[PDB]
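Residue numbers (my numbering), protein chains in the order written: chain V, 13 to 289; chain L, 22 to 291; chain E, 13 to 289; chain C, 22 to 291; chain U, 13 to 289; chain D, 22 to 291; chain F, 13 to 289.
Just so it is clear, CB atoms sit at the ideal spot from N, CA and C, and this is done for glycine as well.
Remarks on the structure that follows.
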Amino acid sequence: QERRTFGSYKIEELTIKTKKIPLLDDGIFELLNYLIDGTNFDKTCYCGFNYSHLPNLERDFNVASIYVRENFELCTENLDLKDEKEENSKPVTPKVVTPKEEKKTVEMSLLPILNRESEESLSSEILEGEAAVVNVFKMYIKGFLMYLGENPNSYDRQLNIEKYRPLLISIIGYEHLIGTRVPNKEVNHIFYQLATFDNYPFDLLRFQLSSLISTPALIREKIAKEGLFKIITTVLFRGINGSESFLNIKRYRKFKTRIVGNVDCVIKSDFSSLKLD
Amino acid sequence: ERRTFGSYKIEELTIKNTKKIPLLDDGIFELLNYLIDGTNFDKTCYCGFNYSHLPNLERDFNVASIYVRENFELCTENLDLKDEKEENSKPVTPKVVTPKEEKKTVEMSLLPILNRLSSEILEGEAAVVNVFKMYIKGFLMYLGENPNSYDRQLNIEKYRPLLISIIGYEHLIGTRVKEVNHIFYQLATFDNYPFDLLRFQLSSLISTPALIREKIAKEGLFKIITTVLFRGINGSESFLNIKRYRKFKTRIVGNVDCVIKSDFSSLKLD
Amino acid sequence: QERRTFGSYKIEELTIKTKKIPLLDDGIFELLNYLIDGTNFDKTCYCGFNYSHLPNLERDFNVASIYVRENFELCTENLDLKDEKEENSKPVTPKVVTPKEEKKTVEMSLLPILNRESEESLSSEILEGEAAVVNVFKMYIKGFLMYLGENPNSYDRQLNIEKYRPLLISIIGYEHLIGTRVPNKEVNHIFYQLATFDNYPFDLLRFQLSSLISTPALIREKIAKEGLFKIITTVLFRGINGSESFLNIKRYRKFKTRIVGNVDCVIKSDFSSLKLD
Amino acid sequence: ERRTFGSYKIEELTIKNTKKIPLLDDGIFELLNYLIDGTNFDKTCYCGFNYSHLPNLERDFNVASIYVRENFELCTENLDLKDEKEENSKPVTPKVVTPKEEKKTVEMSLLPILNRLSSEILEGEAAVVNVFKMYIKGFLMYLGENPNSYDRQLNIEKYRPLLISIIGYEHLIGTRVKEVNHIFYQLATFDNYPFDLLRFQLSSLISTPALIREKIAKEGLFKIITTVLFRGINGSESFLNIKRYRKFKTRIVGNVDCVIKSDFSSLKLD
Amino acid sequence: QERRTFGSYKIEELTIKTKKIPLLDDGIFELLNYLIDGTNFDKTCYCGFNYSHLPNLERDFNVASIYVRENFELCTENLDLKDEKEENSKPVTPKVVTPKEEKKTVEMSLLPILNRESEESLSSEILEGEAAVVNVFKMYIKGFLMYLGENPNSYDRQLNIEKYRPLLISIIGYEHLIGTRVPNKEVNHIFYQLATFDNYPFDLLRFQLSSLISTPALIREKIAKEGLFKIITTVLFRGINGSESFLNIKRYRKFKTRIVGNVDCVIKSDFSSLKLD
Amino acid sequence: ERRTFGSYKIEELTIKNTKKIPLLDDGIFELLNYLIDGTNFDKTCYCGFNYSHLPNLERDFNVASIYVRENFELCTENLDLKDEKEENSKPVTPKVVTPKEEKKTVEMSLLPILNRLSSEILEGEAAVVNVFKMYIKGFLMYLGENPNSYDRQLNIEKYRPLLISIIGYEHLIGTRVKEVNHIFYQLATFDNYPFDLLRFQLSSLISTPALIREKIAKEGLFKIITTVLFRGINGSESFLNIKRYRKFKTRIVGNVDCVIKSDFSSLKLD
Amino acid sequence: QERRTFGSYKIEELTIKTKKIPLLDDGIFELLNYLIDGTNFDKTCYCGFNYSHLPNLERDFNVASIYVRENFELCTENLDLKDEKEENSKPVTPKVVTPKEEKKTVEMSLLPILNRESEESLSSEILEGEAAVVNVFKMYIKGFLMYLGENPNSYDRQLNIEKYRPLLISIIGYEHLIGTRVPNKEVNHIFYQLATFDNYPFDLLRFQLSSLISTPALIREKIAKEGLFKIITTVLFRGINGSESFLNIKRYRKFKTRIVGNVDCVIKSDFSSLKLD
């Protein structure tokens, strides 16, 4: 695999009886994987692009990376190593990832600050790592938006943002918290919209993005008087349209070369000179 | 859009996860279709390429095209008309094509001179024979220059009929008015030649065995039996299969080349 | 089962709605099995044929047999016996065979000299056993070639050499090694070709075999400046056409009589004499 | 190629791994076909074998063939022609064959003398009856000499109609102008006779029960009811099934008998 | 279940899209089951019929029953009880039955005297039990024959004796042994025939039974010079036609009432008197 | 063979191991068929039973039969003939039967007097109405006397049309020339009545609700809407289904009643 | 879930290619569940309706509830807790319920007094709990009857009482016992009928209920001279028509909201004012 700009997606043309199309990146699983691996930024595909209308992606990434990776180790300490299959899942809001390691299931929650039953943050190192991941989420979303807006593709009509929802959700949940209980801001209308309508198709998004409507007054009222989430027994998301949507668990896989052979060094022959009449 | 005469396109299919591979061109059905349509060369994809180590493809094509098309009309005259579903078949040797017209089956045989008297006809025939040789050579030249990971899984089976005609004709105009060409003869004999091995082994291959030339004179390239058998170049007698040519068009699509782009850096996400 | 000449194949006509055709020998699985069994040559089907344009098959076989069998024992010593289902597999190049014994998987690699991670040969007894198996491989290939060339069959058109690849691969890999680091020779063009094109159909092989083209100069250059194998993470094979092909794992089974009854001793009756009019 | 009159061929089928077994000849469909085709005996596979403990098979065959074929023509006269798909059926007793002509169904009954006046007709009938007896006897003689592991799974069911006709006829020309033959009668009664047990038990089997001969006179070999019932030899009344005869040709093949052989010892592999 | 005569079968009409037909008795499984259960004769369905052209069935049965049952106990002693699903199988010749008891497989061989690898009889009690079971086999066969001959059924044409083979086989195997090595007799042609042709259909059997052909001289020669069985690695049976047939393993099940309700006590009403016009 | 008018036969089907149960008679299709065939009563299975608490079934049947058959002929006159596949359907109320003739669909309506002028016609109609009442009563009487374990799974649904006609007619000849019969009315209203509960509850059931008689006068037994709706007896308005009647014959069989028996005690087995 | 009257059912319209219809309540599983949970009446949906032509439902329920729940605990004491999937079954007569708790099967029988092999009641507390559950059964049946009679539904024609059988069966079994061996009464004809014909469809029931026939004399005779149950090896039920019916095991499940989202707070917009022409 080679250079890719942070947030960018690749669309692959599939052919079956029709032409389907995997969105596979959605560079999302790759991203999480990097984070858990603790890998440094300059060790990732994202290395050395324009950068940026994304101020200091590298640092925030590196922080978020160390934090996430530490979290991993701290989850796996009390448990065996014995020397893992790659698919993730993200219950939300906490954005708890859920790997599985060739038998044993592992579960770790970044942004636990977005929990009720948990809270008890309380380390400032932790708080710093969390704000870093939230930051890199916003930069991912923005990578994707910027790249969409500049790279129309015939499949846009069949594609939506569903698989980005968790990041967005976290991004707004966090924005709410650090907003209610510290600097004043209201949650960001763009992320809020993309989070509310995850069915936004690519083309219509590119067209309608700029700008979209500001949060309805009534919805801000309901946002204060109650929360962005109704916790019920599973969690519900509110607005921006006043809808209450169950937050799905999303699963991230990826695949690769898988056995790929090489025809490019193969001697080429000139067939004209041969006289067949 | 533009395609060079004889060239093939390989399409990657995906089904489990496997990846199968249609050879669909094999630009063959397209070619026949053009011919029946009577279409002029400059009206075809093949228009305006290097051209050539293929001297005067355009003329011979145009001739062969008018000839074929005339044949069609002369087959359909005594019969009803239409305002037709596209698949062909080629019994061989005569290289009789067999379309079907949304009910009614039609059947017309180019190169009827081959087994089973106008000089205009002779001219059209020698033209189609020519364009066959040029198609084969297009394909050969393009293979030799365009290696593809799937070559290992691909063979020449679907080219057999043209090759067969090309040699059958060569034999006729040879016996009563040269020996048949060893390359075409080989590709005609071994239709299972896989692409890669072909590119590698093509140059050159062995000359026709003496014994096989003897048997080629003392008897023919074809044993007609009741269905037809082909002989050599290895001394094999192979039944000549009926081959079927279809094509499809991924449902006719749109272009995004013209869609408004937006600069998304400007807006405030933090 | 009865007499068969070394390298020879048998083709069986199958009937299903069409007539398919098993190549089942491919006497290959049988061969390996013999080798692991340590069986002596005069105890095998191959016993007592013309023999030969294959000088001293018997000795080299017997050596290769003792060597292989010893290898087996040495693999199974540190492990249980407790008193096996017959199918093999051959990752290559090392030509490591992989049996399974009614529960427990066993894995043993002849020609380990064809390994990087292994090397450390180092016994000359071993070296002798290895050169013996490589020898019997070349004699198997040649058995098959000679027998093909003399025994045309209507199915030749549908048959290829795919299942012989591993032996050939080993045969050339070895030829390379003992070539680079001892007597001068270049790897043998025939084996090299059959190894490169495993899709060679029987008929075209018989016809085209004699002779085929000598290794391209450029390919010999690339063969020195780099190797016959690109090791990547699985192994890639090079040329003779400049192709880089992934080496498949191949599986060898065989079946037999399975319940077969006997009609040949059954009393025969003469029905003409009876007068029915 | 060559086959002796009455002989069967057993083909080993493979499906799971099981091995099933088509009896396909049962050279019966082939036989009927010949007859309708009017083909002469020396033009058939049966040509030039030992022949015979079957005195003058050729003549009787040729007669029965001309007769049958004439019957066909006389059925198809009043009806349209063609330039036909091959499967037959035989309601019995009359042994009416039932072909189908690529649309139109045709139906013609040999041995119409059997239930449901030309002496030429009588002659043709007695000829087909004869060749039936010779077919059965071909089959019997060949079974008895050619044991096959599948005999245990095979029976005579598909021979029933000929046998039935053979006895029905025997009865007629017997009552009004001998008692019906116990062998044919037995094989006709028990169509489930497996090959092996048949070879073993054939010689001889029991003579018709007296009581059954009484019931055979006082009533007939057939109870016609509304479809027809057969009687004895055991006192059973069995509905006579319609039987269907098809055949196929493993797709017409090639020969390698003539392909150049190479001496491969010569070359250097080490 | 109620009264049934020893050897008798019942045919059941099945309906599916056609009418199939189970032969289910074949009272064979029931019989074995009785024997293993050790049940006394007067405790079985067979109790109190004409009896007989079968002299002293009751005693021989009772003996064979005690013997079989003892055998069972002696097989199960060294093993657990812990307090069984009903299906049997009969490898032959030994006529070893093979139950399974809700987990654990059990295997017991009556007529072990019909073994090579076993032999070592040697108790006369055993010999007595064995000759008893062989006797009751002959009486079963004869029950079935007699009952067939008197009870024609439209399905006879579709039915054969396949499922009786093992008893017959044992019956002749035994007859051979006690014949070669004690009183002179040749094996019984009827049992021998039914054993050779297990495909004998019911109707043709009834018709052809009386009598059938005597053993071919050549077959008696081959029967002395070699045996009724070729043991090969599974066993082969010989003649009476000179055929060598693999002896199949046969499986005996049965089913019953399974939930059956009762309409026969249900009050019946007279509907004419009611005036509907 | 012999069956009493109105009687049903239950057949045990076996599929998993379950045991399903065809009610196939429901001798209804058979009955209709007879009627169209015009067959005389003494030519039918129903011939020669106790008969009766059903006064003069034979006459009324014969009348209804001639009438129906005449109707058939009068429907088929203006149309082509044949030398027909057997399934019927009955839209209701008119009780129009709908056969199909191996291509051509035919449709004929007995009791046309019912919704949608010859006295011969009136007579035939009143005859079919009569035989319907006698069929229902046959079935009732036979149920009440013949309990079967499957009664619990069986209902009267397939009788509905006759019952419906029987009441519709009763209403007509009642309004313009008695109140409709409560039993038939009930069975017509609840077609889901299972056999067992029917036998138990039949005697007697409740008399028509007053309110329902009021609604029966002030409006009708049928709301015709665009398909027809039935009313009461419970105040339900039920769409009247089209019902389809088929029958099959386990492939026509043989008898063993006559097959020679052998005394097998005699022979020596030991 | 919200208010429901004791015994009432709800019918749900299903759509598949047709419209099927679940009877799911049948509030029966819910009821049992409550009882095992030991829940008090005022804590159940049934709370605060008309109540009643059902005198003192609340008390009898509460008693029956405590009794059942105690029974549960007493079944689970000798066994593990370790901290359950909701489906029940009811063999009858005893009306033994059969839960399963995420691995381990549990089985508890209310109305054990309706057993032979058990009997040995003998506590009067128990007797009191039992008569309470029997009472609440009769009140459930009557809830359902009353509610049916007043709430016609187009599906009535396709619905029967099959799933109520066990309660009814218990209700009559009990009535018999406490009848034979204490106050004189004959078993109640209505329950007896509904118990005998479980195929009674809803509509015909509503119509025919009032009244139905009194128990046939002959059936009362057979009811004394033998019992309501023939115990056979599974149990058979008798009459009221003289039928002997096997009593089925019945299984009670229920499902719910399962992920349900909320559109009702979602901002509504007025589209007329916008001028599109």
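Contact annotation, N92(C) with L34(C): C-beta distance approximately 36 Å; criterion of less than 8 Å not satisfied. The C-beta of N274(F) comes closer than 7 Å to at least one C-beta of chain V.
Judged by DSSP secondary structure, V249(L) falls within the beta strand (DSSP E) whose first and last residues are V249 to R252. Using a Cβ-Cβ cut-off of 7 Å, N213(L) counts as an interface residue toward chain E, since at least one Cβ of chain E sits closer than that to its own. Across the structure, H188(U) and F73(U) are spaced so that their CA atoms are roughly 22 Å apart. Pairing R272(D) with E108(D) gives a Cβ-Cβ distance that is not under 7 Å.
Looking only at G60(U), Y159(U) and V75(U), the smallest Cα-Cα distance to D49(U) is reached by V75(U). Note that the stretch 156-172 of chain F touches the stretch 206-223 of chain F; at least 3 beta-carbon pairs, one per stretch, sit closer than 8 Å. Residues of the stretch 251-279 of chain E with a C-beta atom less than 7 Å from some C-beta of chain V are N253, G254, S255, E256, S257 and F258, listed in chain order. Interface criterion met: the Cβ of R173(D) is under 7 Å from a Cβ in chain F. Counting only Cβ-Cβ distances below 9 Å, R218(V) has contacts in chain L at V280, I281, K282, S283 and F285, in chain order.
Nearest Cα to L56(D) within the set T229(D), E146(D) and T210(D): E146(D).
The bridge partners DSSP lists for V109(V) are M120(V).
Taking a contact as a CB-CB distance under 8 Å, the pair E198(V) and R232(V) counts as one, their CB atoms being some 7 Å apart. The Cβ of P111(V) sits no closer than 7 Å to any Cβ of chain F.
Of all residues in the stretch 231-244 of chain U, those with a C-beta nearer than 9 Å to a C-beta of chain E are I231, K234 and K242, reading in chain order. Cβ-Cβ distances below 6 Å link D276(U) to nothing in the same chain once the five nearest sequence neighbours on each side are left out. Residue-level contact check: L226(C) does not touch chain E, since none of the beta carbons of chain E fall below 7 Å from its beta carbon.
Counting along the chain, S86(L) sits inside the alpha helix (DSSP H) bounded by residues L78 to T97.
Closer than 7 Å to the CB of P34(F) there is not a single CB belonging to chain U. Residues of chain E whose Cβ lies closer than 8 Å to the Cβ of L248(U) are, in chain order, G273 and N274. Nearest to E119(F) by alpha-carbon distance, out of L126(F), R128(F) and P103(F), is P103(F). Taking 8 Å as the upper bound for CB-CB distance, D46(L) and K30(L) are in contact here, some 5 Å apart. Distances from the CA of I40(V) to each of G185(V), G155(V) and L224(V) were compared; the closest alpha carbon is that of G155(V). Shown here for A207(E): same chain residues with a beta carbon closer than 6 Å to its own, the five before and five after excluded, namely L180, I181 and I184 in chain order. From the beta-carbon of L43(E), no residue of chain C is found nearer than 8 Å; the closest lies around 17 Å away. By alpha-carbon distance to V145(F), the top candidate from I125(F), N163(F), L134(F) and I235(F) is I125(F). Apart from the 5 residues on each side of it in sequence, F61(V) sits with its Cβ closer than 8 Å to the Cβ of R15, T17 and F18 in its chain, given in chain order. Between the beta-carbon of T60(L) and that of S28(L) there is about 18 Å, and that puts the pair past the 8 Å contact cut.
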